[PDB]
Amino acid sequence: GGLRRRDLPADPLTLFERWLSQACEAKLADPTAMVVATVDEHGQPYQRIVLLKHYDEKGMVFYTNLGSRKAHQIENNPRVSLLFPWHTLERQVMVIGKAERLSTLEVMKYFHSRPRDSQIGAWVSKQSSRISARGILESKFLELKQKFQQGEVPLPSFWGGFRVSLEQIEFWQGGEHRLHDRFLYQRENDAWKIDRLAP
């Protein structure tokens, strides 16, 4: 029926949870996939998709290789943007915030909590660096695949994650004649200020 201000929950995460739930329900591919935009030292933005793994009032979490380009960029400029490309459901969610590193305890908890082959793969790829051949990846995977073979894959020191704070959350939902519904939740004084934005 549309998106009216009077139906908006006070906490934007309530609305986000609802939309995420419906995305899963609709079997959209990678419902947790979001595009993370970061900015390099020259003011050049860069983008790549990562998976949302957890969220709460403190922010949205994703894991990545600490030697990657996104990691280097975040270290020089912590300001990031997240966008959930749910246009198949005529929706978009955009989050603006600062990326902060997760602690070792959190990373360990998640790391050992995933496909064994994925843990090994984390060791293999020096994410974002130029490599001369795909073969390097496959060779290392096999080599490590049996080096760790009898125990449990160790957490690589170069693997970690970030939590993006919720400074702003924007919801977009398709609208007739190109007049879409847009609401911007803006964190202010321990509260959320809501404004409709022209499409």
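Numbering starts at 1 and runs along the sequence shown.
Trainee: Look up the CA B-factors in the entry and say which stretch, 21-29 or 8-16, has the higher mean.
Mentor: So the stretch with the higher mean C-alpha B-factor is 21-29.
Trainee: Mean CA temperature factor from the deposited coordinates, higher in 115-123 or in 91-99?
Mentor: Per the PDB record, 115-123.
Trainee: Go through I169, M60, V153, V39 one by one and give the residue whose Cα B-factor in the PDB entry is largest.
Mentor: Comparing C-alpha B-factors across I169, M60, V153, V39, the top value belongs to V153.
Trainee: Of the choices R69, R134, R163, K147, which one's C-alpha carries the largest B-factor in the record?
Mentor: So the option with the highest C-alpha B-factor is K147.
Trainee: Select lowest, middle or highest to describe the third in which the CA B-factor of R48 falls within its chain in this entry.
Mentor: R48: CA B-factor falls in the lowest third of its chain.
Trainee: Determine, from the deposited record, the chain-internal third of the Cα B-factor for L83: lowest, middle or highest.
Mentor: Lowest third.
Trainee: By its CA B factor, does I74 count among the lowest, middle or highest third of the modelled residues in the chain?
Mentor: Its C-alpha B-factor, which the entry lists for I74, ranks in the lowest third among residues of this chain.
Trainee: Check where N65 lands among this chain's C-alpha B-factors and tell me if it's the lowest, middle or highest third.
Mentor: Lowest third.
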